[PDB]
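[1] missing the sequence, but the structure's below:
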């Protein structure tokens, strides 16, 4: 072991700048070769750039998609890697991981934890929490499915709890998806007709980033 | 800079199965010395990539010996002898021969289980949602298998749409099913302009769209 430790990134606005940094307090950082790999929320892994050894004139290589905006650098002396990201695009939103290279193993051996980068011209906006009850698409079943709409919030960090008098979970939180520059997420509980309508389903929705706590009632 | 095609994309396997992930190039991944660099990684939902095999066939320090790579030039293969639970992840092949360094889109190893029909519920737009003049028509396609499912919207007889958000759960860690949320977003105004709203899904289990509905002026 010796993990690459990455740091930086967070929210930054489009066109913004940001410098990401890899610590790899590990033995021979100077004769190695270091790379950066990202993953946009979802998708596969995408190579950003690598920078060679002292012994190769710290040569450099880049994905087309980042060339002219990103410069990879390192400072063998402290054992740090640097990613200087400039003139950001939203679609630079990714997890950035610095990869510990190796001659004799072969490329991408130890990957760090990652550092997340959200590039968005947005701001706090509290959840709009909407109750989704069986109304007048009939009535049909022994169990009944309810939901909560958690619409247009920012940044990500939400919480769907359901006050049900226990009476079966069957909870489904569908992952939040960018509609516009804010997020849309949902939740379904399945209860027994036995006791709902004639009882309660609370849908409690937390949002630390803006202290929001819309907790809704379904009836 | 070689395109790298993985096969398949999803791979249903049972615990103790023998899985086989395939990977192809547009070129030949042979350097002169050092020789044919292709490797395999395993990413687990919520972690970085794990190096499994480098240069066609060498295990990394600590890959259990049920993982093997073979191949030459164009087409490589990862065998995973008695698939276990901890193997269940996304599989990527990576090419280190030429810069830029490329990956494939990944192969998801997902648990195998009997087909199952979608339990599709449908909710009309909420009251609180209409005072604000937004109209979300959402339908939960709960507990299905497999993941492949086609949903369609229909407004007055049949239309299509544009404000559609589709989120999917990860496979249920209890039941091996998947779930989906189909959400249509319309202006209060367009809503109040049509009566019939239908989510109709297509699954393996049917050649007849699962259909649900409400008529607005019924609620």
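    Noted; the coordinates are in hand. Residues are numbered from 1 along each chain as shown, chains lettered A, B, ... in the order given.

[2] contacting residues around the residue nearest to residue B:93 when sequence neighbours are not counted?
    The spatial neighbour of residue B:93 that comes closest, neighbours along the chain excluded (CB to CB, 6 or more residues apart in numbering or on different chains), is residue B:23 at 3.5 Å. All C-beta atoms are positioned from the backbone trio N, CA, C, and that covers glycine. Residues counted as contacts of residue B:23 (CB atoms under 8 Å, 6 or more residues apart in numbering or on different chains) are B:4, B:5, B:6, B:7, B:38, B:71, B:75, B:76, B:77, B:78, B:93, B:104.

[3] give the bridge partners for residue B:23, please.
    Counting by DSSP bridges, residue B:23 forms beta bridges with residue B:6, residue B:76.

[4] so residue A:96 is in which element?
    Using DSSP states H and E, residue A:96 sits within strand A:94-100.

[5] how's the chain carved up into domains?
    Assuming you mean chain A. A:1-121, A:122-219 (curated CATH domains).

[6] actually it's chain B I care about, not the one you picked
    With domains defined by curated CATH domains, chain B comprises B:1-113, B:115-214.

[7] contact partners for the nearest residue to residue A:162 once chain neighbours are set aside?
    Spatially, and ignoring its direct neighbours in sequence, residue A:162 is nearest to residue A:189 (4.7 Å; CB to CB, 6+ apart). Contact analysis of residue A:189 by CB under 8 Å, 6+ apart lists A:145, A:146, A:147, A:162, A:164, A:169, A:170, A:171, A:201, A:203.

[8] 7 Å - rerun?
    Counting by CB atoms under 7 Å, 6 or more residues apart in numbering or on different chains, residue A:189 touches A:146, A:162, A:164, A:170, A:171, A:201.

[9] kindly report the same for residue A:156.
    The neighbours of residue A:156, taking CB under 7 Å, 6+ apart as the test, are A:176, A:183.

[10] leaving out sequence neighbours, find the closest residue to the residue positioned nearest the centre of chain A.
    Centroid check for chain A by CA atoms, centre = their mean gives residue A:41 as the closest residue, at 5.5 Å. With CB to CB, 6+ apart as the criterion, residue A:41 has its nearest non-adjacent residue at 6.2 Å, and that residue is residue A:93.

[11] ok, the one you found to chain B distance?
    Look at residue A:93 and chain B: by CB to the nearest CB, to the nearest Å, they are 17 Å apart.

[12] isn't that residue right up against residue A:117?
    Yes: Residue A:93 is in contact with residue A:117 according to CB atoms under 7 Å; the separation is 6.2 Å.

[13] okay, those two: which has more neighbours?
    When neighbours are counted by other CB atoms under 10 Å in any protein chain shown, residue A:93 and residue A:117 differ, and residue A:117 comes out ahead with 23 against 17.

[14] the more buried one reaches residue A:9, doesn't it?
    Yes: assessed by CB under 7 Å, residue A:117 is found in contact with residue A:9 at 3.7 Å.

[15] now do the shared contacts for the two.
    Contact criterion CB under 7 Å, 6+ apart; residues bridging residue A:117 and residue A:9 by contacting each: A:18, A:96.

[16] please name the residues that touch residue 180.
    Unless you meant another one, I'm taking chain A. Residue A:180 touches nothing, counting by CB under 7 Å, 6+ apart.

[17] meant chain B, my bad for not saying
    Residues in contact with residue B:180 (CB under 7 Å, 6+ apart) are B:141, B:149, B:166, B:168.

[18] same deal with residue B:217?
    residue B:195.

[19] my reading is that it lies in a strand. Confirm?
    No: with DSSP: H, G, I helix; E, B strand; the rest coil as the criterion, residue B:217 is located in helix rather than a strand.

[20] residue B:68 contacts residue B:76, doesn't it?
    No: contact criterion CB under 7 Å: residue B:68 and residue B:76 do not qualify, at 10.8 Å.

[21] who has more neighbours out of these two?
    Between residue B:68 and residue B:76, residue B:76 has the larger neighbour count (other CB under 10 Å), namely 27 against 18.
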